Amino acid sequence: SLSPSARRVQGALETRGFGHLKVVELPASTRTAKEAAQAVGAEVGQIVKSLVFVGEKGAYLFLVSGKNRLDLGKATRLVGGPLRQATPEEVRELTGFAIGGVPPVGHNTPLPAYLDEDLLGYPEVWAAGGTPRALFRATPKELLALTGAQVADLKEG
């Protein structure tokens, strides 16, 4: 059913012990946080954007709520060294997925991660499932368990 990249994310959820979480590849786009929320009837804040930044020693994953903008200054202080937004080419090289479908798991390398503390305000959130049509629902606590992320104030607001 699922396209390869979506199947890759579903396989990662299964491998990590969260096989009860299901990737869906929908009849409406989920490319942007706005479209993803409309596709599943969620508030945009419940959508998880998985953003990749490149640092001096490696890359980092920032899981940001769809209602927030990642503050590069805050991210830089958290990592403790310079950071720059990954180009679409670097996103593909690093994660195995392309912009619009970057998931929080299943990458070529598990990236140290940070979770936007506002995601903890929702009982369930939806993260990308590997493609611009794929999402999976999970509780914020399950997302933390899946990524090992550290909770942080990431937003510009």
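All residue numbers refer to positions in the sequence shown, first residue = 1.
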When the C-alpha temperature factors are averaged for each of 88-96 and 63-71, which stretch ends up with the higher value in the entry? 88-96
Output the stretch having the higher mean C-alpha B factor in the entry; the candidates are 131-139 and 15-23. 15-23
I'd like to know which of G121, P104, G101, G45 has the highest C-alpha temperature factor in the PDB entry. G101
How does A145 rank on Cα B-factor within its chain, lowest, middle or highest third? highest
Could you place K57 in the lowest, middle or highest third of its chain by Cα temperature factor, using the values in the record? highest
